[PDB]
Amino acid sequence: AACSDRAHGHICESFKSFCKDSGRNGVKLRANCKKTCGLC
């Protein structure tokens, strides 16, 4: 499982500070943006 961004692109950045969200928004961020969130 490689690490990178799969989201549309503007989703990770627009929600970069949301990567630490305990809600669905956060989970989807770490998934669609395993990189922008930092999971490598």
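Just so it is clear, chain A uses Swiss-Prot numbers, and the residues here are 45-84, in order.
According to its header, the structure was obtained by solution NMR.
Cβ atoms here come from the backbone N, Cα and C positions, even for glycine.
As recorded in Swiss-Prot:
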- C47-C84: disulfide bond (DISULFID)
- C56-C77: disulfide bond (DISULFID)
- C63-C81: disulfide bond (DISULFID)
- 47-84: domain 'ShKT' (DOMAIN)
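Location within the structure of each feature annotated in Swiss-Prot.
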| residue | record | DSSP class |
| --- | --- | --- |
| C47 | disulfide bond | coil |
| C56 | disulfide bond | helix |
| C63 | disulfide bond | coil |
| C77 | disulfide bond | strand |
| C84 | disulfide bond | coil |
Cβ neighbour count within 10 Å of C81 (disulfide bond): 20
Around the Cβ of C63 (disulfide bond), the count of other Cβ atoms that are within 10 Å: 18
Nonlocal residues around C77 (disulfide bond), in sequence order (Cβ under 8 Å, 6 or more apart): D49, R50, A51, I55, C56, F59, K60, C63
Least Cβ-crowded entry, counting other Cβ within 10 Å, from the disulfide-bonded residues listed as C47, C56, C84: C84
